[PDB]
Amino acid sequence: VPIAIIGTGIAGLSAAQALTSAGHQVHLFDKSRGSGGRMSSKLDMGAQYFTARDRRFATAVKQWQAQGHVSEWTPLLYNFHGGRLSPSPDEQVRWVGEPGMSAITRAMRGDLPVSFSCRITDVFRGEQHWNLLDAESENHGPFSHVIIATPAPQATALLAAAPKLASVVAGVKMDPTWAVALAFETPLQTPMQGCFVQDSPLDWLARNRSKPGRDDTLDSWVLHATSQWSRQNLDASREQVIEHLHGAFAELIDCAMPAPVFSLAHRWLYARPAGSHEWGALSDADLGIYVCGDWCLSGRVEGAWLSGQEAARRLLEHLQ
């Protein structure tokens, strides 16, 4: 009788990897067509790069490097502050999935059992086992334990069996992010490959072809709006969002810009936790339900990975 894991982003797959290394059977659930969550699923329109400040996470990254799924990104980075573009060099080590951000989670998932396009709506337990109800009213189960690995607002629905936990998780605010991708046939005549942006609807842009192993055919750019701007335009249409963020991009760039080959927009309602936490993970070991996610920690890739590990560590102790 397997462990159910709800959410196949970094946190859920990290918990999955830990449990499977320990010999246990898992079954994964995601409402999306594929895995990866805010890493994006197999242009990098979600998470852009990540850093490793935790030695344990650093170790996992070295393992991903040796498996061929992560590499270092050293873009020529700029800053846009008060109407001025300026180079902003550093020596920060930044990692990206290769050949896209989605590659890390895809490899973590591997051949594990998974039910995609499966939105869980309820999680409840009998005297022994857990059961999941999905949005098509179908039952899934039995399961011995349940790990919730969703953004906090989406986990609260799944924690009715533990209202004290639900109440804590429901307090966790997430900020939204609108993303836009733009692709040019003629590359933009700038050496900029990424930019931290102030005083603008944008706070970040990245030049996809500067990342290792990406396709060079088009010069594609990813634009991330601030949370404040995203909130203010949360119900804007994709085409208005494209137009505004494209305009912001045209206003800070130092060079000419032809018409894009295509343009995309994507809204994340629950993109980033509003603040940081130190919980690591939240568990009701008595009932067998565990909660993890980036929002249990720093709200970065590293946080999500560490949270999934902590959830699985606690489950493993109690199994035994």
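Throughout, we count residues from 1 along the sequence that is shown.
Going from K42 to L43, the model skips 4 to 9 deposited residues, which lack coordinates. Averaged over CA atoms, B-factors in the entry run higher in 117-125 than in the other of 175-183 and 117-125. Averaged over their C-alpha atoms, the temperature factors of 19-27 and 303-311 are higher for 19-27. Comparing C-alpha B-factors across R84, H246, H145, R207 in the deposited entry, the largest value falls on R84. Considering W279, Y270, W64, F50 together, the PDB entry gives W64 the largest C-alpha B factor. When the CA B factors of the chain's modelled residues are split into thirds, the value for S220 lands in the lowest one.
Per the deposited record, the Cα B-factor of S35 falls in the lowest third when ranked against the other modelled residues of its chain. For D284, the recorded CA temperature factor ranks within the middle third of the chain's modelled residues.
In the deposited entry, the Cα temperature factor of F196 places it in the lowest third of its chain's modelled residues. When the modelled residues of the chain are ordered by C-alpha B-factor, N139 sits in the middle third.
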